[PDB]
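Trainee:
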Amino acid sequence: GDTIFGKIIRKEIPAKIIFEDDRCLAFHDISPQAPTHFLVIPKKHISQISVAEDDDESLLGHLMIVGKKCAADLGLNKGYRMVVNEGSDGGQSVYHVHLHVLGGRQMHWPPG
Amino acid sequence: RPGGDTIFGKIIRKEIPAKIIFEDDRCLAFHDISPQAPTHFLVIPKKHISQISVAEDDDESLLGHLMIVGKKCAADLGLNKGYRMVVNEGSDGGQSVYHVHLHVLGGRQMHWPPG
């Protein structure tokens, strides 16, 4: 099943794109929860982290490396929080794997 | 002493006890001593990386392995309704131990925003 993130990858609807390569896309979240809140998503349609394959390991790590590079480029020198939600208890909002990166304010504990 | 002398480096070398879920040559999963959810564990690399902001490009496979191990451990622990994975970076991220660690929290509804 296609999702709104598929439409964003395909450039069918607009998003504020931060970075793109051949295998992922980073863009600002439309409902930001911090002064900086962006997403890094694979172009491959992995619906949720629970179904990711072993062969996806380096791709998933690539999301985090891209995320940390984008965070530095966006000036998040005091830190940030990375989040992956899975399923209903995790609060996953779109069934396309996505890494949230939030910063620009103190993030609190517990993380939801 | 490989892994460093943070508490997580000590845990890797079995010098401080921990409730271990899974261990391989690249990482270790163990329960958090101050759980914020009914199930709350960590996955850490055995290689010492202080924080995600200093991870190297060649660390991609290892960082992805933390997530794959995290999701496998969550399934093994029966977290069939889902869970949240968290990496804290620096002061604004709430990081308190400078050895990279992926939190996995589940067994209750997680809320938004994530802190």
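So the protein lines, in turn, are chains B and A. Sequence positions in the first sequence follow the entry's author numbering and run 15 to 126. Sequence positions in the second sequence follow the entry's author numbering and run 12 to 126. Heads up, the beta-carbon is just placed ideally off N, CA and C, and yes, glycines get one too.
(1) Find the residues of chain A that neighbour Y94 of chain B, judging by a C-beta separation of less than 8 angstroms, and give them in chain order.
(2) Kindly indicate which three-state DSSP category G117 of chain A falls into: helix, strand or coil?
(3) Going along chain B in order, which residues have a C-beta closer than 8 angstroms to the C-beta of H122 of chain A?
(4) Less than 8 angstroms separating the beta-carbons of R119 of chain A and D103 of chain B?
(5) Would you list, in chain order, the members of the region 60-78 of chain A that have their beta-carbon closer than 9 angstroms to a beta-carbon of chain B?
(6) What residues match up with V97 of chain B in a beta bridge as DSSP calls it?
(7) Hey, out of A:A86, A:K25, A:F33 and A:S64, whose CA is closest to residue 11 of chain A's CA?
(8) Could you check whether the Cβ of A86 of chain A sits closer than 8 angstroms to any Cβ belonging to chain B?
(9) Leaving out five residues before and five after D35 of chain B in sequence, what residues of the same chain have Cβ atoms less than 8 angstroms from its Cβ?
(10) With C-beta atoms as the reference, is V115 of chain A less than 8 angstroms away from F52 of chain A?
(11) If you draw a straight line from the alpha carbon of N91 of chain B to that of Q47 of chain A, how long is it in whole angstroms?
(12) CA-CA distance, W123 of chain B and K30 of chain A?
(13) Using three-state DSSP, classify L73 of chain A as helix, strand or coil.
(14) In three-state terms, what does DSSP make of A85 of chain B?
Mentor: So, to answer that:
(1) Simply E100, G101, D103 and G104.
(2) Taken through DSSP and simplified to helix, strand or coil, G117 of chain A comes out as strand.
(3) At a C-beta separation below 8 angstroms, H122 of chain A has these neighbours in chain B: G105 and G126.
(4) For the pair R119 of chain A and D103 of chain B, the CB atoms are nearer than the 8 angstroms cut-off.
(5) Legend: CB atoms of the region 60-78 of chain A lying less than 9 angstroms from CB atoms of chain B belong to residues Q62, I63, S64, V65, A66, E67, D68, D70, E71, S72, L73, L74, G75, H76, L77 and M78.
(6) Beta-bridge pairing by DSSP links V97 of chain B to B:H114 and A:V97.
(7) Here chain A has residues from 12 to 126 only, and residue 11 of chain A is not among them.
(8) For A86 of chain A, at least one C-beta of chain B is nearer than 8 angstroms to its own C-beta.
(9) So the qualifying residues of the chain are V80.
(10) Cβ distance < 8 angstroms, so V115 of chain A and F52 of chain A count as in contact.
(11) Straight-line Cα distance between these residues: approximately 27 angstroms.
(12) Rounded to the nearest angstrom, the two C-alpha atoms are 22 angstroms apart.
(13) Three-state result, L73 of chain A: helix.
(14) Looking at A85 of chain B - three-state DSSP - the assignment turns out to be helix.
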